[PDB]
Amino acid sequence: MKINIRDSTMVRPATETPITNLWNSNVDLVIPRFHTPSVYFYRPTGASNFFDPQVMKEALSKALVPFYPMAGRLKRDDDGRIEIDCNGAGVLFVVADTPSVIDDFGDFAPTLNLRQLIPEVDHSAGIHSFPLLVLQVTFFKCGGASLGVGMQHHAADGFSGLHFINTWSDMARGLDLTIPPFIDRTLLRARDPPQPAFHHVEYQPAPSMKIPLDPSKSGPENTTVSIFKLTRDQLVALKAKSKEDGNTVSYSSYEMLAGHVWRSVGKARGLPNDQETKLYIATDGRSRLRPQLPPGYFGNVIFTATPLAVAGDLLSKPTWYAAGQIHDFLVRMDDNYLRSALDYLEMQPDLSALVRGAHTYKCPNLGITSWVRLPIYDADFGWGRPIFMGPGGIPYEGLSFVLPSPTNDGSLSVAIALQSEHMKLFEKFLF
């Protein structure tokens, strides 16, 4: 797979936008470190029109007016806290061609070479030196096209990011903004003085391997990225296994599936029985906060659930015990818990230490982030909804994504990075 860059524009908002410094909340900071990668694939309609760069760039310009922080830069304030400099510097927009065809990607596992569909960002220079959002339209030999998105994590979680990408697609089709973005993260400010009510397991360091891992089997260089589809048959069977061993409790489809992936990764890694394994669950707090955030709220509302088990229990007990741990952590996260979380973060001297990253998800642990409830298939720019949308790469061993079906057949996909030798075994997930 070879990419030939054709054009490259720094697209700025269509009109003047507020010059201001946009404050980041604590959950805007403890978010992962770079640009969240996502990719969209589109069949050709047969039209010459197809993903016309001018249409895209003009629509992008317009959308960058209500969503003007998206065209800003990272900077530090006087106390050294990272904030968004709303300077309207612009968004990088690349047009590329490739002799490859879409079908060459087979199943769209977010491998390294799929990452090639998003432009690369050099973070090693200034914090201020790179766009918050990088975009690439790649035209394939088959007439199809892909949209690679790389959005700096401080700017937006999935709900706010797709609020922009979809408003953009709407604007490309001549439509107007629907829900205007609410741009003020101070709603997620910690109380004064802070007052944690809980011990937040989610922000305690992840279990390490009791036995150090072989750096030739472990590490970035010998990790595989695959995806797997589960049919609604397999999912229905899965939720029904809540019955097993006389358990009367009914857990959610997401709980049983997450528990199943967690348990299946555990078996695959051949963990010792006394080894602890921590599951990281990105959790939208929009529905839990009880004053309740405005529609269009622009930023991160990601809070974090972290069920934990000893592999001995996790692998020997039925799947619903895993579901139980997950449920027990998810159900505690009401508004009172999330307010605690903000206060707890506030009382840490160095938030950079809590920024989740490779060390967070790597074996013996696991991250599972659900995109199932995200409107990922709504980006229609005038030539149809995408046939596929998922992560643009999974850079961290141990991180995984749950994607919804592009066709509403009740199937789900798990996209995941594991160490090579564990990946084959991880088909054990189709038990």
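A residue's number is simply how far along the shown sequence it sits, counting from 1.
Relative to one another, 400-408 and 367-375 have unequal mean CA B-factors, and 400-408 is the one with the higher figure. Taking the mean C-alpha B-factor of each stretch as recorded, 340-348 and 285-293 are not equal, and the higher mean is that of 285-293. The residue among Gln152, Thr360, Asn113, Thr186 whose C-alpha atom has the highest B-factor in the PDB entry is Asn113. Within the selection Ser146, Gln195, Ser160, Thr167, the deposited Cα B-factor values reach their highest point at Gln195. Among the modelled residues of the chain, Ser129 sits in the highest third by CA temperature factor in this PDB entry. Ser25 sits in the lowest third of its chain by CA B factor, as recorded in the PDB entry. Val94: CA B factor lies in the middle third for its chain, per the PDB record. Among the modelled residues of its chain, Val101 has a C-alpha B-factor that falls in the middle third, as given in the PDB entry. Sort the modelled residues of the chain by CA B factor and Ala311 lands in the middle third.
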